[PDB]
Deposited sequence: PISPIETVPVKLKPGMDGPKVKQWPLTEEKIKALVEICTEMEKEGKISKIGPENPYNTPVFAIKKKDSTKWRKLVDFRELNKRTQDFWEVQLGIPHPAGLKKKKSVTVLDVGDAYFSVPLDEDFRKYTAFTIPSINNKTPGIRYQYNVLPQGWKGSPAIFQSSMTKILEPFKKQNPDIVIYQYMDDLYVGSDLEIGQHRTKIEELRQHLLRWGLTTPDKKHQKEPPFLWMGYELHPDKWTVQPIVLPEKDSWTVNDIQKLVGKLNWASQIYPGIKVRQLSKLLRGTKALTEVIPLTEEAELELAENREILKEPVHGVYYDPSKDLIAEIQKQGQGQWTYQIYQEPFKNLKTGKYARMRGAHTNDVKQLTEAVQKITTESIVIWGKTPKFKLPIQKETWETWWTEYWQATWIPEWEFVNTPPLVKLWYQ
């Protein structure tokens, strides 16, 4: 049968415009959509349809063919009542200590189950044309979409039915599902992990889930903030370090800076060296000790939403902080590429959101340090994931950027 789907009480539909595409990512969309329609996946819709959502063509990891990707953020915001309240699932906390998790794609599995007739008038999209030469070919899904938050909810029953045998045979692994993605976590060696992965692939193929790459949550190390070390300190260095222990006072209650100011009482030139007094040295040692200890008074709250800031530290280095309440962080990272500039930001965004899914389970709302037009023009060219977070652009960060040196 078909599970009935409805939006919130008196909730409107997706009205979003499709911004232009390269001619290659339009030829590919035309070919893919003709192939999909010639065997019943999609059906052309008439002018009476008042709702539209964007569409893109990407290339998956280590592949050559193109893959359609339909943005569904607005529809997900409409539908959140149908998934969060109805089928709020629990998140397996044992997935954050797994030795190595593998990610597989199960979006193709959704290409058989039909969709509600009433709801089917919301998943409408259009492939655009070059130069507005012609009106765009429009379409809508018959089968369930891949990218909608309710589609996993609809397919969850069959997913549990298929996964009961494999889970019963071996309970060591942990199974998680987010959108088209399945995360499998095993405490097994990589050599036998590959054999287990291919066995799961065959098991999926037998029951009708055709599927054609590894994270290490044990190797994910948080990055504490650390002060520099030098034998001789000048006035400029003392001034730099003092204010950093003043901004950090808000983050950590145990950072005290009153004796590090004892070295700065009069107007002195920046270059001149200053010796370190005993009380100031004790204060510096105590502050370093507090900085070594982790953040205090923070705890994950699933009711609220996650926020992820990214800052550019130069020479292919980025920092990112995931939290929920200002000056109460839940994580801290450091991405590095040891290429392009937008490419690194795209890859960092993907890594941060994948980690957020693995630990917490909900992707954060990014605060990107990029031009909005530049992002919207370039983000598709380097995006290999099959899902899109929500992002807002931040005009200016505190200037010190104390997170790295």
| query | finding |
| --- | --- |
| Missing stretches, numbered from 1 on the deposited chain sequence and kept in order | 1 to 5, 218 to 231, 358 to 361 |
